[PDB]
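Data first, discussion second: the structure below is written as structure tokens.
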Amino acid sequence: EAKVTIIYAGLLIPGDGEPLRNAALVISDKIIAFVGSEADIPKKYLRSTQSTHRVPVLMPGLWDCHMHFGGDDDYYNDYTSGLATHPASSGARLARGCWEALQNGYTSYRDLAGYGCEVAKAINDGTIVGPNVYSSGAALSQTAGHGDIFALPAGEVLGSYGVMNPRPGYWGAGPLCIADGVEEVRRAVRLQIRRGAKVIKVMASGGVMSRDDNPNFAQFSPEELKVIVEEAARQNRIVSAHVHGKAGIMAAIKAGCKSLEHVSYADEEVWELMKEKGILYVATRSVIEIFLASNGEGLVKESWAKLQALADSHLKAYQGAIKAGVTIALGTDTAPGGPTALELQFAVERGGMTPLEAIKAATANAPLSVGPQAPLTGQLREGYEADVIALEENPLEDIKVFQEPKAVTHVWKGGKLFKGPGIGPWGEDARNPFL
Amino acid sequence: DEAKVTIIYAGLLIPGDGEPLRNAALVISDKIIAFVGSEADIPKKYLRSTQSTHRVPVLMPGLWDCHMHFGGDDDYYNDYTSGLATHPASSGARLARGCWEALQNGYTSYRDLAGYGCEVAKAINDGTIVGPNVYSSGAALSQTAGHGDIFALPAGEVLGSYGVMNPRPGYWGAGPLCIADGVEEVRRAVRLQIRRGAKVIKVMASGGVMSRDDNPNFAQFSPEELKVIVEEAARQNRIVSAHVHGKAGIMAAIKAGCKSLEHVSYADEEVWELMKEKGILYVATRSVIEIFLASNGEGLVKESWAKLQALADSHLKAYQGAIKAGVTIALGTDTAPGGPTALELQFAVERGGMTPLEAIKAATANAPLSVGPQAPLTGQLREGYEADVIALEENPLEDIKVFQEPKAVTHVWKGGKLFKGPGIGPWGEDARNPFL
Amino acid sequence: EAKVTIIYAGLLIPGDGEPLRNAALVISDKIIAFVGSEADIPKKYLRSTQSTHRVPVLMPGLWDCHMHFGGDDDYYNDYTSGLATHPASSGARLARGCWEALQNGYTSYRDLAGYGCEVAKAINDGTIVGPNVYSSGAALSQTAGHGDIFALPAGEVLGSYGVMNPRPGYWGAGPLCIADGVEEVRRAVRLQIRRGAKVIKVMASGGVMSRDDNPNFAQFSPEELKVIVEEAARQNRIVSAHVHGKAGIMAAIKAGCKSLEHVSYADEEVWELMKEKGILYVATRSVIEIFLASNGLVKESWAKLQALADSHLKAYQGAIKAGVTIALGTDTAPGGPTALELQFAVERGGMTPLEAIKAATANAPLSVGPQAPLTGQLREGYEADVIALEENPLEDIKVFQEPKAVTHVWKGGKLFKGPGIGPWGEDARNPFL
Amino acid sequence: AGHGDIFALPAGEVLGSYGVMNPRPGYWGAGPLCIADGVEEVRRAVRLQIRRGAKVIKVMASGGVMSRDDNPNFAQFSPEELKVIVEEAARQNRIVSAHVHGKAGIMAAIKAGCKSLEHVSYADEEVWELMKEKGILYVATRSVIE
């Protein structure tokens with residue numbers, strides 16, 4: 001017999017479309033069986049329902065499309081810590097982060113550098129809890145690219161992350177992958193798919209800080225990028241590209257990347273291209289706002305001016321893409337359980353989205369971030385996956401409501417209740433997996 | 001700011017080593033126990049200053065298990081291949097659940113004897129997750145063709161992963177097992193575990209219980225290697241724990257200076273006296289034998305099943321004999337974190353012949369002996385000792401099986417901090433999201 | 001609150017353009033705020049100036065566009081020393097050389113093989129002093145190219161300098177890089193950028209000595225050269241090519257190299273190509289003059305060297321007459337006899353002393369393409385790399401060969417040599433306290 | 001796991017750089033630190049410094065002054081290794097200098113034949129007489145504590 005749950009909602013926000021007043025939603029097992037007004041609930045569900053809930057606001061589970069599953073020790077302040085941190089330490093930390101994500105109403109995460117694949121195995125076998133994780137495995141970078149650890153010598157970095165010299169020690173399974181040339185890059189992509197990656201991530205321009213590589217300059221050759229995209233496509237993955245400057249943006253687009261990150265120097269030409277080819281825009285404004293709040297605290301005056309210049313372009317680019325009708329999704333660029341809700345605030349207060357459009361970007365649009373790997377999800381619609389959250393207050397009146405996890409009262413993932421009144425930390429019917 | 005003072009009134013207080021007290025009270029000041037005795041004798045200064053008070057039926061020290069393995073393995077391979085094949089990020093995530101579950105059951109200290117205890121301890125100590133105090137061995141040390149080897153894989157794959165030659169990228173020297181042959185290599189083997197933060201050293205000193213590949217009746221490592229291993233551990237104030245079944249292994253481990261023995265299946269009168277004389281801890285791990293006894297030799301050949309039963313009987317005699325002879329004993333299960341550790345207390349009583357009170361002594365007061373000089377003053381409800389304290393609904397002295405229901409453990413303190421109790425969230429009192 | 005310096009000059013040589021008599025220059029912080037005649041100094045600077053100087057001759061800081069930061073031990077006489085010398089020994093030596101360079105009025109160096117990137121970190125953090133260093137990192141060579149150490153076996157050389165087999169021991173950070181094939185050469189370029197290289201250097205023909213490889217034959221395939229140039233261009237670097245014979249010269253040009261070194265067999269066809277495409281000519285005549293002054297070689301090998309020396313002279317003179325853009329380079333260690341190259345520009349090339357100075361100042365930043373700031377000229381808005389002289393070099397170009405004649409040296413507006421100024425520059429502190 | 005080890009990096013990276021096994025290109029055996037375990041390895045460790053022209057040999061004979069990773073109170077190296085180290089230095093007319101804090105380290109270094117001690121933080125009456133008796137130099141390095 002099927003497990004039926006009825007949820008009555010004062011306000012129901014479907015994800016893409018006008019909200020409904022005095023609505024109801026039916027869950028049958030893993031899927032959403034009915035959505036519409038309370039009066040029109042099909043009678044068969046009224047007869048069979050195992051339980052009913054009554055909440056002020058109901059909506060789809062939230063996505064963040066730019067996470068990194070690092071779980072780093074707090075010893076080194078740069079990417080050295082990705083290398084130096086033992087992955088067992090990382091996985092333990094990510095377990096807390098995944099718990100915290102789900103308690104905040106985030107039911108799907110796109111991991112773009114780290115151990116998402118490996119940690120997903122502990123979610124999927126029931127040992128821990130968390131969002132659906134769609135991981136890139138390692139971010140792919142060139143030597144001297146944004147993925148390289150410039151402070152370490154090169155042999156140490158490529159010994160750890162290169163695709164030559166197979167060896168013991170979990171070779172080809174770190175947060176970063178360095179490959180140079182068409183030959184190496186084929187293996188780079190395949191090594192992530194091997195881990196179970198459901199997306200591919202490349203560094204296609206320099207890092208936002210201008211110290212080693214330059215954000216204005218492209219990374220990888222067009223030849224390498226095209227192969228990377230072809231390799232991903234053959235297994236039904238799309239590629240996501242880290243891009244700031246227009247050189248990087250255009251090279252990534254030409255190659256066939258279907259998701260761009262940051263996109264700091266996107267202009268009219270870029271917005272039209274992205275619309276034309278169905279390329280997703282993930283701004284990660286949180287990352288810029290963090291360093292803006294620092295005020296150039298330890299930085300040299302000219303480097304701080306450079307960061308502000310980039311911050312202004314990034315704002316124009318984001319606002320322009322929103323005005324131009326480019327398809328947008330929300331991503332924070334943080335660890336699991338990080339301040340992802342802020343990105344919704346920035347979508348409204350910086351981007352100029354309505355609260356309703358901001359929610360569309362974190363729900364209905366978000367599965368586009370993994371292309372053909374997405375199930376029917378991110379919307380409260382019949383036949384879609386039952387990833388549903390309930391709120392105490394109406395986020396359309398204050399988008400900051402998501403920044404208080406107590407305001408998220410109920411969390412369903414695949415029809416299963418992971419947070420709610422009377423529900424323990426590890427979800428309904430949780431048992432000790434080691435007993 | 002103030003010292004944090006907590007007063008706990010207990011209908012029955014079980015100190016760990018000594019007669020229980022009725023209508024007692026315990027005072028916590030910050031991380032240590034400030035007072036223990038009868039309710040009437042609480043020093044007045046604490047009555048004035050206390051931040052909070054609790055009232056529980058039964059109070060006792062936090063429980064130790066002295067034989068855990070922090071593996072966190074994927075379920076794919078059924079032998080030790082999974083230790084090698086499982087990515088440690090998968091392992092750590094699993095061990096995080098297990099550590100939570102341990103603490104909810106009243107286990108405030110664990111001795112990890114093969115695995116990622118050191119690496120997972122960093123996530124406990126920085127507040128990211130919660131768990132027991134973890135005293136880890138890092139990797140178990142084994143010889144080539146020892147109980148730590150993965151016989152089903154070819155040798156170059158195993159020693160490439162776990163050997164102490166050929167340094168390389170990929171977290172070299174930081175797995176669940178370490179293979180070393182010869183005095184030179186075993187020095188590095190010990191040092192590599194200390195490097196990770198190991199607070200104990202574990203060696204395979206005889207074959208595995210199953211007897212498919214190596215033989216439990218035969219000793220492992222040379223006496224020369226064992227002595228060096230013990231010297232290396234001693235120089236950094238660690239003791240060595242030895243996996244031993246047959247008497248050859250037991251005697252070699254004893255001669256070398258090992259201070260804790262595991263399983264000890266063929267211990268006899270001679271062994272019990274030696275262990276008493278030299279202050280060597282006996283950790284029986286009866287749970288491991290009971291598991292395969294409950295199977296009835298289902299997947300096994302008739303002669304191999306008979307051999308397992310013979311070993312099971314010796315192990316029982318050895319355990320009972322050691323208890324009768326007054327050898328110092330501690331409890332260990334040989335399971336993953338959050339495993340069925342409470343059963344070992346049942347077996348201490350129902351198999352070993354301990355009183356429920358002696359069984360509790362073995363899981364509390366005696367247990368820090370399992371890590372030698374690395375132990376703080378803990379495992380007892382005594383003034384000056386660490387405030388690892390648990391509260392129960394029911395009296396375990398009347399039914400030792402009470403520990404098998406985690407709901408019966410109502411309050412858990414670790415270093416004076418409340419990790420379980422009425423109104424306390426899953427990650428302990430005053431828990432914050434560490435990622436904000 | 002800006003730091004303002006006024007310098008009055010009896011003669012001011014801007015670098016590109018007619019010199020001015022009785023001029024003045026204003027420095028504000030790191031840049032040049034004003035250049036023109038003494039009478040026209042904007043009054044705001046007269047009010048605010050922290051100090052004033054009065055010198056006979058003022059000009060931009062000098063560039064040398066062909067240096068090698070080797071710092072080799074004196075033990076081996078060939079490239080074995082690059083391999084055998086411990087880099088700590090090298091860096092110590094280069095520190096002296098960088099000091100000496102700055103005392104001679106050389107405020108920018110282009111390093112084309114060695115540890116320029118690594119030594120630049122000690123200049124930029126204030127620990128030592130020296131010119132602005134624009135380094136190539138390692139010179140890129142093919143196996144059996146001019147960068148190979150033929151006297152050592154091949155496994156030793158490629159173990160040290162190859163781009164396969166990452167390992168401990170500062171892999172990918174030596175004075176030479178050996179790469180074969182399009183795949184390897186991509187990494188070769190990236191490995192230099194990783195170190196902070198602001199230019200890329202390739203061996204595109206054999207060495208001037210004809211013993212192992214031949215100067216008349218090209219090196220690397222056109223396929224590899226094109227990729228090398230593309231890889232450099234993507235990070236806004238240009239490629240400099242070591243070239244002697246015409247085969248090498250033409251291959252380097254075709255690929256997109258923007259600077260050529262030696263250029264010994266350049267003819268009419270080459271000069272027009274270099275003009276058309278904006279390719280810089282760095283002759284390094286000093287290198288030829290050294291071996292000419294020697295006359296141990298076999299008779300036929302000495303004739304071959306003389307033949308090459310004559311072609312090199314014709315090529316240089318022809319390029320000057322044809323109006324190819326030229327810059328000066330010596331091919332020596334830091335603190336080496338770089339000033340001699342100016343002498344050879346005049347006495348061998350046929351440049352006027354003014355044109356020779358243009359080649360060592362105004363034209364020289366072209367040697368690093370888009371990595372150059374506005375520098376090499378005494379002009380408003382340009383970087384304050386300025387030197388002062390006791391005597392007029394337009395009357396005797398050999399004046400630069402006496403470092404005592406260089407009385408004041410400014411780099412980024414900071415005084416590193418001048419009356420009352422200590423060895424480590426103005427306001428120098430012991431960095432280790 | 002001694003005071004010369006870089007605990008924050010994984011062990012393969014450190015011993016790849018500073019160990020005395022696996023000779024390779026890249027100025028092997030010529031860094032600021034040398035990691036060696038066992039009598040066999042320590043012989044080469046000493047010889048590798050002499051090779052560079054070393055006019056003294058330095059050992060870590062106890063933990064670092066900070067008590068984070070290793071412990072200053074505990075000795076480092078075995079007496080067996082220390083004795084060989086001293087014999088190897090002596091054969092080329094070098095003495096050994098020992099980094100020592102705790103008395104365990106101080107005594108082991110003295111017993112082995114070290115002729116210079118550094119820091120010497122837990123030196124007491126017994127130590128002072130020993131150092132006088134055997135002609136062992138005391139280098140306090142008080143600046144580091146200050």
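As shown in the structure tokens, the chain order sets the letters A, B, ...; within each chain, residues go from 1, and ligands are also counted from 1 in the order they appear.
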### Task
Do me a favour and pick out the residues of chain A within 10 Å of chain C, using only C-alpha atoms, as JSON, numbers by chain.
{"A": [142, 143, 144, 145, 148, 149, 150, 151, 152, 153, 154, 155, 156, 157, 158, 159, 160, 162, 164, 165, 179, 180, 181, 182, 183, 184, 205, 206, 211, 212, 213, 214, 216, 217, 218, 219, 220, 221, 247, 248]}
#### Entry: Test item: residues at most 12 Å from residue 302 (chain C), only C-alpha atoms, excluding those fewer than 3 positions along its chain, as a ChimeraX atom specification
/C:208-211,291-299,305-309
### Message
Can you tell me, as an NGL selection string, which residues in region 163-394 of chain A count as strand (DSSP E) by DSSP?
### Response
:A and (176-178 or 200-203 or 239-243 or 259-262 or 280-282 or 328-329 or 388-391)
Could you produce a table of the residues of chain B lying within 6 Å of chain D, with the nearest pair of atoms per residue and their separation in Å rounded to one decimal, using only C-alpha atoms, ordered by chain and increasing residue number, as CSV?
```
residue,atom,partner,partner_atom,distance
B:167,CA,D:12,CA,4.2
B:168,CA,D:12,CA,4.6
B:169,CA,D:12,CA,5.6
B:171,CA,D:10,CA,5.7
B:172,CA,D:12,CA,5.1
B:184,CA,D:38,CA,5.0
B:188,CA,D:37,CA,5.9
B:191,CA,D:1,CA,5.8
B:195,CA,D:1,CA,4.7
B:236,CA,D:74,CA,5.9
```
Residue selection dump (N, CA and C atoms) as a PDB file, in the first residue's frame:
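Okay, again.pdb is ready:
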```pdb
ATOM      1  N   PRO B 167      57.429   6.743   0.047  1.00  0.00           N
ATOM      2  CA  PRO B 167      56.546   7.876   0.260  1.00  0.00           C
ATOM      3  C   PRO B 167      56.058   8.472  -1.072  1.00  0.00           C
ATOM      4  N   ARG B 168      54.838   8.988  -1.067  1.00  0.00           N
ATOM      5  CA  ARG B 168      54.147   9.393  -2.275  1.00  0.00           C
ATOM      6  C   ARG B 168      52.977  10.295  -1.912  1.00  0.00           C
ATOM      7  N   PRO B 169      52.425  11.012  -2.899  1.00  0.00           N
ATOM      8  CA  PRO B 169      51.165  11.667  -2.621  1.00  0.00           C
ATOM      9  C   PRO B 169      50.073  10.630  -2.271  1.00  0.00           C
ATOM     10  N   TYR B 171      47.944  10.727   0.899  1.00  0.00           N
ATOM     11  CA  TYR B 171      47.752  10.415   2.327  1.00  0.00           C
ATOM     12  C   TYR B 171      48.483   9.141   2.735  1.00  0.00           C
ATOM     13  N   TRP B 172      49.703   8.996   2.221  1.00  0.00           N
ATOM     14  CA  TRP B 172      50.617   7.907   2.596  1.00  0.00           C
ATOM     15  C   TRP B 172      50.825   7.851   4.117  1.00  0.00           C
ATOM     16  N   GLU B 184      63.862  -1.991  11.293  1.00  0.00           N
ATOM     17  CA  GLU B 184      63.960  -0.655  10.694  1.00  0.00           C
ATOM     18  C   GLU B 184      62.576  -0.144  10.343  1.00  0.00           C
ATOM     19  N   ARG B 188      59.526   3.151  11.937  1.00  0.00           N
ATOM     20  CA  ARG B 188      58.733   4.127  11.196  1.00  0.00           C
ATOM     21  C   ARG B 188      57.240   3.847  11.340  1.00  0.00           C
ATOM     22  N   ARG B 191      56.085   5.465  14.489  1.00  0.00           N
ATOM     23  CA  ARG B 191      56.213   6.916  14.405  1.00  0.00           C
ATOM     24  C   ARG B 191      55.132   7.529  13.522  1.00  0.00           C
ATOM     25  N   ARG B 195      52.540  10.407  14.611  1.00  0.00           N
ATOM     26  CA  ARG B 195      52.432  11.580  13.730  1.00  0.00           C
ATOM     27  C   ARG B 195      50.971  12.034  13.526  1.00  0.00           C
ATOM     28  N   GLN B 236      57.275   8.036  23.682  1.00  0.00           N
ATOM     29  CA  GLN B 236      56.270   9.084  23.631  1.00  0.00           C
ATOM     30  C   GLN B 236      55.116   8.828  24.628  1.00  0.00           C
TER      31      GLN B 236
END
```
Taking only residues of chain A that have an atom at most 8 Å from an atom of chain B, what is each one's shortest atom pair and its distance in Å to one decimal, using only C-alpha atoms, in chain and number order, as JSON lines?
```
{"residue": "A:86", "atom": "CA", "partner": "B:119", "partner_atom": "CA", "distance": 6.7}
{"residue": "A:87", "atom": "CA", "partner": "B:89", "partner_atom": "CA", "distance": 4.6}
{"residue": "A:88", "atom": "CA", "partner": "B:92", "partner_atom": "CA", "distance": 4.2}
{"residue": "A:89", "atom": "CA", "partner": "B:119", "partner_atom": "CA", "distance": 5.1}
{"residue": "A:90", "atom": "CA", "partner": "B:89", "partner_atom": "CA", "distance": 6.1}
{"residue": "A:91", "atom": "CA", "partner": "B:89", "partner_atom": "CA", "distance": 4.2}
{"residue": "A:92", "atom": "CA", "partner": "B:93", "partner_atom": "CA", "distance": 4.4}
{"residue": "A:93", "atom": "CA", "partner": "B:128", "partner_atom": "CA", "distance": 5.8}
{"residue": "A:94", "atom": "CA", "partner": "B:93", "partner_atom": "CA", "distance": 6.9}
{"residue": "A:95", "atom": "CA", "partner": "B:93", "partner_atom": "CA", "distance": 5.2}
{"residue": "A:96", "atom": "CA", "partner": "B:129", "partner_atom": "CA", "distance": 6.2}
{"residue": "A:97", "atom": "CA", "partner": "B:435", "partner_atom": "CA", "distance": 7.1}
{"residue": "A:100", "atom": "CA", "partner": "B:433", "partner_atom": "CA", "distance": 7.1}
{"residue": "A:115", "atom": "CA", "partner": "B:89", "partner_atom": "CA", "distance": 6.7}
{"residue": "A:118", "atom": "CA", "partner": "B:90", "partner_atom": "CA", "distance": 5.0}
{"residue": "A:119", "atom": "CA", "partner": "B:90", "partner_atom": "CA", "distance": 5.1}
{"residue": "A:120", "atom": "CA", "partner": "B:90", "partner_atom": "CA", "distance": 7.9}
{"residue": "A:121", "atom": "CA", "partner": "B:90", "partner_atom": "CA", "distance": 6.7}
{"residue": "A:122", "atom": "CA", "partner": "B:94", "partner_atom": "CA", "distance": 6.1}
{"residue": "A:127", "atom": "CA", "partner": "B:94", "partner_atom": "CA", "distance": 5.9}
{"residue": "A:128", "atom": "CA", "partner": "B:97", "partner_atom": "CA", "distance": 6.2}
{"residue": "A:156", "atom": "CA", "partner": "B:169", "partner_atom": "CA", "distance": 7.4}
{"residue": "A:159", "atom": "CA", "partner": "B:169", "partner_atom": "CA", "distance": 5.9}
{"residue": "A:160", "atom": "CA", "partner": "B:169", "partner_atom": "CA", "distance": 5.3}
{"residue": "A:167", "atom": "CA", "partner": "B:160", "partner_atom": "CA", "distance": 7.9}
{"residue": "A:168", "atom": "CA", "partner": "B:161", "partner_atom": "CA", "distance": 5.3}
{"residue": "A:169", "atom": "CA", "partner": "B:170", "partner_atom": "CA", "distance": 4.1}
{"residue": "A:170", "atom": "CA", "partner": "B:170", "partner_atom": "CA", "distance": 6.2}
{"residue": "A:171", "atom": "CA", "partner": "B:170", "partner_atom": "CA", "distance": 6.6}
{"residue": "A:335", "atom": "CA", "partner": "B:435", "partner_atom": "CA", "distance": 7.0}
{"residue": "A:336", "atom": "CA", "partner": "B:435", "partner_atom": "CA", "distance": 7.5}
{"residue": "A:337", "atom": "CA", "partner": "B:435", "partner_atom": "CA", "distance": 5.8}
{"residue": "A:338", "atom": "CA", "partner": "B:435", "partner_atom": "CA", "distance": 4.9}
{"residue": "A:339", "atom": "CA", "partner": "B:436", "partner_atom": "CA", "distance": 6.0}
{"residue": "A:425", "atom": "CA", "partner": "B:426", "partner_atom": "CA", "distance": 6.3}
{"residue": "A:432", "atom": "CA", "partner": "B:101", "partner_atom": "CA", "distance": 7.1}
{"residue": "A:434", "atom": "CA", "partner": "B:339", "partner_atom": "CA", "distance": 4.9}
{"residue": "A:435", "atom": "CA", "partner": "B:339", "partner_atom": "CA", "distance": 5.3}
```
Would you mind exporting the chosen residues as a PDB file, in the first residue's frame, restricted to C-alpha atoms?
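Dumped to part-v9.pdb:
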```pdb
ATOM      1  CA  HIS A  86      42.723  14.054   5.492  1.00  0.00           C
ATOM      2  CA  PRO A  87      39.448  13.168   3.682  1.00  0.00           C
ATOM      3  CA  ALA A  88      38.180  11.242   6.763  1.00  0.00           C
ATOM      4  CA  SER A  89      38.308  14.589   8.636  1.00  0.00           C
ATOM      5  CA  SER A  90      36.527  16.193   5.646  1.00  0.00           C
ATOM      6  CA  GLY A  91      33.710  13.631   5.495  1.00  0.00           C
ATOM      7  CA  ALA A  92      32.953  13.951   9.182  1.00  0.00           C
ATOM      8  CA  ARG A  93      32.647  17.763   8.833  1.00  0.00           C
ATOM      9  CA  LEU A  94      30.523  17.479   5.692  1.00  0.00           C
ATOM     10  CA  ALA A  95      28.139  15.196   7.587  1.00  0.00           C
ATOM     11  CA  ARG A  96      27.291  18.030   9.999  1.00  0.00           C
ATOM     12  CA  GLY A  97      27.014  20.450   7.041  1.00  0.00           C
ATOM     13  CA  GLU A 100      22.357  21.593   8.688  1.00  0.00           C
ATOM     14  CA  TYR A 115      33.877  14.967  -2.013  1.00  0.00           C
ATOM     15  CA  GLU A 118      31.886  10.092  -1.797  1.00  0.00           C
ATOM     16  CA  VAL A 119      29.671  11.687   0.860  1.00  0.00           C
ATOM     17  CA  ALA A 120      26.555  10.943  -1.239  1.00  0.00           C
ATOM     18  CA  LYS A 121      27.158   7.240  -0.638  1.00  0.00           C
ATOM     19  CA  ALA A 122      26.634   7.799   3.092  1.00  0.00           C
ATOM     20  CA  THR A 127      23.984   6.314   7.413  1.00  0.00           C
ATOM     21  CA  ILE A 128      23.677  10.119   7.427  1.00  0.00           C
ATOM     22  CA  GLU A 156      53.561  18.202  -5.060  1.00  0.00           C
ATOM     23  CA  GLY A 159      51.549  14.356  -7.823  1.00  0.00           C
ATOM     24  CA  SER A 160      48.359  14.801  -5.828  1.00  0.00           C
ATOM     25  CA  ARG A 167      49.468   4.970  -7.708  1.00  0.00           C
ATOM     26  CA  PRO A 168      48.004   3.875  -4.423  1.00  0.00           C
ATOM     27  CA  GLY A 169      46.316   6.499  -2.224  1.00  0.00           C
ATOM     28  CA  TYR A 170      42.934   7.268  -3.807  1.00  0.00           C
ATOM     29  CA  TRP A 171      44.510   8.663  -6.980  1.00  0.00           C
ATOM     30  CA  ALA A 335      30.554  24.819   2.389  1.00  0.00           C
ATOM     31  CA  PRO A 336      27.460  22.618   3.118  1.00  0.00           C
ATOM     32  CA  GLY A 337      25.357  24.233   5.867  1.00  0.00           C
ATOM     33  CA  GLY A 338      26.811  27.644   4.960  1.00  0.00           C
ATOM     34  CA  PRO A 339      24.854  30.907   4.672  1.00  0.00           C
ATOM     35  CA  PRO A 425      17.369  14.657  14.251  1.00  0.00           C
ATOM     36  CA  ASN A 432      20.822   3.418  14.481  1.00  0.00           C
ATOM     37  CA  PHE A 434      25.245   0.351  13.235  1.00  0.00           C
ATOM     38  CA  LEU A 435      22.906  -1.729  15.438  1.00  0.00           C
TER      39      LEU A 435
END
```
Surrounding residues of residue 101 (chain D) excluding itself and chain neighbours under 4 positions, 6 Å, only C-alpha atoms, as a short mmCIF file (atom, residue, chain, number, x, y, z; two decimals) with C-alpha atoms, in the first residue's frame:
```cif
data_model
loop_
_atom_site.label_atom_id
_atom_site.label_comp_id
_atom_site.auth_asym_id
_atom_site.auth_seq_id
_atom_site.Cartn_x
_atom_site.Cartn_y
_atom_site.Cartn_z
CA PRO D 72 59.22 18.82 24.62
CA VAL D 120 68.45 22.68 27.69
CA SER D 121 65.22 23.83 29.40
CA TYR D 122 64.99 21.20 32.16
#
```
#### Entry: CA of residue 110 (chain D) to CA of residue 144 (chain D), distance in Å rounded to a single decimal
22.7 Å
### Task
Calculate how many Å separate CA of residue 282 (chain B) from CA of residue 263 (chain B), rounding to one decimal.
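Calculated distance between CA of residue 282 (chain B) and CA of residue 263 (chain B) is 7.9 Å.
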Neighbour list for region 186-192 of chain A as a short mmCIF file (atom, residue, chain, number, x, y, z; two decimals) with C-alpha atoms, in the first residue's frame, cut-off 9 Å, only C-alpha atoms, skip fewer than 4 positions in-chain:
```cif
data_model
loop_
_atom_site.label_atom_id
_atom_site.label_comp_id
_atom_site.auth_asym_id
_atom_site.auth_seq_id
_atom_site.Cartn_x
_atom_site.Cartn_y
_atom_site.Cartn_z
CA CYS A 117 30.21 11.85 -4.69
CA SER A 135 28.67 16.47 -7.59
CA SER A 136 31.30 17.41 -10.12
CA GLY A 137 33.91 15.42 -8.26
CA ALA A 138 37.09 17.43 -8.77
CA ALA A 139 37.09 20.83 -10.46
CA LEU A 140 39.21 20.60 -13.60
CA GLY A 162 47.38 15.10 -11.95
CA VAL A 163 46.08 12.38 -14.28
CA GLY A 172 42.09 10.66 -9.13
CA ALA A 173 39.69 11.32 -6.24
CA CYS A 177 42.17 17.73 -10.98
CA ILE A 178 45.03 19.17 -13.03
CA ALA A 179 45.22 18.28 -16.68
CA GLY A 181 46.34 18.94 -23.22
CA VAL A 182 43.54 17.14 -25.04
CA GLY A 196 29.67 9.17 -9.93
CA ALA A 197 29.87 12.85 -10.91
CA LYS A 198 26.56 14.22 -12.23
CA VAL A 199 28.11 17.41 -13.56
CA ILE A 200 31.56 18.57 -14.77
CA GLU A 224 40.67 21.34 -24.42
CA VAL A 227 36.86 17.92 -25.64
CA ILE A 228 35.84 18.38 -22.01
CA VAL A 229 32.31 19.24 -23.14
CA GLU A 231 33.35 13.89 -22.89
CA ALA A 232 30.68 15.10 -20.46
#
```
### Query
Any idea what the distance is between CA of residue 130 (chain C) and CA of residue 210 (chain A)?
23.8 Å
### Task
Give me the residues within 6 Å of region 272-279 of chain C as a list in words, counting only C-alpha atoms and dropping any in the same chain fewer than 3 places off.
residues 258, 259, 269 and 324 of chain C
### Message
Report as a ChimeraX atom specification all protein, DNA and RNA residues lying within 12 Å of residue 294 (chain B), evaluated on only C-alpha atoms, omitting residues in the same chain fewer than 3 positions from it.
### Response
/B:287-291,297-298,305,308-309,312
Compile the contact shell of residue 2 (chain B) as a PDB file with C-alpha atoms, in the first residue's frame: residues with an atom at most 10 Å away, counting only C-alpha atoms, same-chain residues fewer than 2 positions apart removed.
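Output contents, as saved in result-v7.pdb:
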```pdb
ATOM      1  CA  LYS B   4      30.023  26.977  35.773  1.00  0.00           C
ATOM      2  CA  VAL B   5      28.615  24.988  38.607  1.00  0.00           C
ATOM      3  CA  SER B  29      32.703  22.915  38.220  1.00  0.00           C
ATOM      4  CA  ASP B  30      33.639  23.620  34.574  1.00  0.00           C
ATOM      5  CA  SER B  49      26.668  29.607  43.035  1.00  0.00           C
ATOM      6  CA  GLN B  51      23.772  27.711  37.535  1.00  0.00           C
TER       7      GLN B  51
END
```
### Message
Given only C-alpha atoms as the basis, pick out the residue of C:28, C:22, C:85, C:49 nearest to chain D.
### Response
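Once distances to chain D are computed over only C-alpha atoms, the minimum belongs to C:85.
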### Query
In terms of the shortest atom-to-atom distance over only C-alpha atoms, which of D:66, D:127, D:30, D:20 is closest to chain C?
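Residue with the minimum atom-to-atom distance to chain C: D:30.
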